[PDB]
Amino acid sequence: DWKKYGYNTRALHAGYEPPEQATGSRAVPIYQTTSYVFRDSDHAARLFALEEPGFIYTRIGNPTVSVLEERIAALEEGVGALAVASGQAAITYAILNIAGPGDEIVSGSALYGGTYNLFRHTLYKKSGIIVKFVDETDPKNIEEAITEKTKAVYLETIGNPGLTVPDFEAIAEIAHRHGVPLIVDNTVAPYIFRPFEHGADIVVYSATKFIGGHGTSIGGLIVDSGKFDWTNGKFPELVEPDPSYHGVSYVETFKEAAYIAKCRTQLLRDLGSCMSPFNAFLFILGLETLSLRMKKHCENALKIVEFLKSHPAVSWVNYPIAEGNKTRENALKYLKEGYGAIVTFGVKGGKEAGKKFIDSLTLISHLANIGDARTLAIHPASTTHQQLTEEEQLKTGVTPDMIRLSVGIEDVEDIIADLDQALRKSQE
């Protein structure tokens, strides 16, 4: 449960030791409730005033959700975590907790298409936040984009689907020198990469993906390392008395957990992007097998890459350590326990033959998701990144002929068998 225990021990125990005291239930109960009876009038007031911890209302906190949050925090070795309705909500909250109208964010370009559209369109239109996209393959572009309005630097661990890996430590040094935190979306690399150990201050997850692992539940997570000093004047909301809580100071009351505390008391309570206790239950079950699944995902993915490189129908193949990958060196440096499950390739004939490939699949699933146990395929340019212009797609690494694979944990020969027949048919 603590930092002394192994990763798999934590994934099975952290946040729920001892078990619930009334009945001793070994599994995390599904507290499908909105409300909780208070001990007395004074207890209720202390709870609402942030003077005592406890459960008040499922929008703000819930015992099932708390187990997931505390377990994620222990696995990331952070000071606390917060679960929200979706990955999008986690990214939105992570930004909104330290940024507002007029503020800026410096973001990498290897982004999931929904993150780009949020940064490029929705956050500007609705929150007045101005995101400056840069080529994070060169840390200098991060440095040169930072202004006095920048509030954070944002990166994806392995670009979806660019498959580029930024130089985390070099970029973190730059962000901290300018007094801003580094935010890392570790959606595609839980367990196999520890962002906090390489300069990241905040980590967000799409729990929907590898953390859940079974494609059953939408969810998002925010994890606070507690390592960042919020008192440099650039984040007064975390320092100054909060009028909505009659003067509470997050840095004073919550100390290293100031950031993740305000995500709950401010953003979750008012904006209301809360996770269902049922979804949290399913995410907890997913965590219990994460390390086993990631190892298989990455073992199979490497074999898929080798198969695609030698197939006559395949124009090109990309993977974080591919010979042609611009950031191959970073991947070798930072990814010591697998290079991810996402594999991209192009089929001879361009976009048109790719569609024949997708339409010929008999086992691989054509759908919008990643990090399911099943192997998945999709054409990002018309789907996950459809919202972006042709040039914006190129900036994220999406080409008109790109096929995106999420290599699952089937027996790899059956994955390869389905790929081969579909590729041969694609050349007809």
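Residues carry their position along the shown sequence, with the first being 1.
As the entry records it, the average C-alpha temperature factor is higher for 361 to 369, out of 24 to 32 and 361 to 369. Two stretches are in play, 133 to 141 and 85 to 93, and the higher mean C-alpha B-factor belongs to 133 to 141. In the deposited coordinates, the residue among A353, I72, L271, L290 with the greatest CA B-factor is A353.
Set against one another, the Cα B-factors of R328, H121, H176, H297 in the record reach their highest point at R328. Per-chain ranking of the deposited C-alpha B factor places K125 in the middle third. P195: CA B factor lies in the middle third for its chain, per the PDB record. When the modelled residues of the chain are ordered by their C-alpha B factor, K255 lands in the middle third. Among all modelled residues in its chain, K262 ranks in the lowest third by Cα B-factor. In the PDB entry, a CA B factor belonging to the middle third of its chain's modelled residues is recorded for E237.
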